[PDB]
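The chain that follows stands alone, in the form deposited in one PDB entry, written as structure tokens.
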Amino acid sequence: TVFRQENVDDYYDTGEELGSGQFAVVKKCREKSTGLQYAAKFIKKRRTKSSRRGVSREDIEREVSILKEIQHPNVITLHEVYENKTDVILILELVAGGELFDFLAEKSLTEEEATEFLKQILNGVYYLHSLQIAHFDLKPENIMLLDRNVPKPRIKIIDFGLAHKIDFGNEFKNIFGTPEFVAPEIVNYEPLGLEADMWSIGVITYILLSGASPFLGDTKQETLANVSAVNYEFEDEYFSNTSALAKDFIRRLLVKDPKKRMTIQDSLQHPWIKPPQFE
């Protein structure tokens, strides 16, 4: 699929840098015709047929296709796409309140504050999974707040760089996100499905409640070994006054066998809730 090839600077003015990844730099921008602000994600294209630098056209088109399908309060949306010889430029919904990662760094959360965030994450993931979209890179950096200065911030899931449509219940292409957050099936290069996101949600929940990471070792390989072995525990120092239902929720997500793990629908009915890899 080919995108708009006009100069993005003819239609937008760019401002501050919002962040960067391994694929992209993201800048605040303002559309000239409307005065509305967006996040322009510049993704560097591959320069050759066999290069490791940049992102393949297949991968860029997948992220764009997935983003084009999305419309939900807890996910970012895609406004426009441009391209030139060097970059594809995705004009994304702006999330101006910073990462959940930054917010957590500033202040461990009460169970209420943690569930406030978590219910919104679950709603966003319920939407994605209903569409058979596995995000495959859920972690606190990829949850962003609309406004960080309110007592109950609204959030949006970002970073669809690893997202895939799951047509047959599993896909096999070795996707591999961030070691602290990946499920055992990712570590073991097994077929992957929507269940991998549910494991990541378990890890996120553990961190929200404690400020500690359940599998983190001193090296990436050690983290990955810990993940595969389900080598975590609830340290009393962090969890002694945390509710047993909260621990139950996490326990039912941090399950090696993806078939035995809670689904997104299960997680919403749970009594606690219910109303790249190499060094």
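Heads up, when I say rigid core I mean the largest set of C-alphas that superpose within 1.5 Å between the two forms. Residue indices: 1-based, along the sequence shown.
Asks: What number of deposited residues lacks coordinates in the span between residue 107 and residue 108: none, 1 to 3, 4 to 9, or 10 or more?
Replies: In the record, 1 to 3 residues between residue 107 and residue 108 lack coordinates.
Asks: Between 163 to 171 and 114 to 122, point out the one with the higher average CA B-factor as the PDB entry records it.
Replies: So the stretch with the higher mean C-alpha B-factor is 163 to 171.
Asks: Per the entry, where is the mean C-alpha temperature factor higher: 174 to 182 or 123 to 131?
Replies: Looking at the record's C-alpha B-factors, the answer is 174 to 182.
Asks: For the listed residues 140, 153, 191, 73, which one has the largest C-alpha B-factor as given in the deposited model?
Replies: When the deposited C-alpha B-factors of 140, 153, 191, 73 are compared, 153 is largest.
Asks: Out of 209, 201, 146, 92, whose C-alpha atom has the biggest B factor in the entry?
Replies: Most elevated C-alpha B-factor of the set, per the entry: 146.
Asks: Of the three thirds of its chain by CA temperature factor, lowest, middle or highest, which one includes residue 270?
Replies: Lowest third.
Asks: Sort the modelled residues of this chain by their C-alpha B factor and say whether residue 55 lands in the lowest, middle or highest third.
Replies: Its C-alpha B-factor belongs to the highest third of this chain's values.
Asks: Could you look up the Cα B-factor of residue 221 in the entry and say which third of the chain it sits in: lowest, middle or highest?
Replies: Middle third - that is where residue 221 ends up once the chain's C-alpha B-factors are sorted.
Asks: Of the three thirds of its chain by CA temperature factor, lowest, middle or highest, which one includes residue 47?
Replies: Within its chain, residue 47 is a highest-third residue by C-alpha B-factor, going by the deposited values.
Asks: Could you say whether, by C-alpha temperature factor, residue 196 belongs to the lowest, middle or highest third of its chain?
Replies: Lowest third - that is where residue 196 ends up once the chain's C-alpha B-factors are sorted.
We do not show the form deposited in another entry, though everything after this point is about it.
Asks: When you overlay the rigid core, is the Cα of residue 169 off by 2 Å or more between the shown form and the other one?
Replies: Yes, shifts by 2 Å or more.
Asks: So with the core overlaid, does the Cα of residue 150 end up 2 Å or more away between the shown form and the other one?
Replies: Yes, shifts by 2 Å or more.
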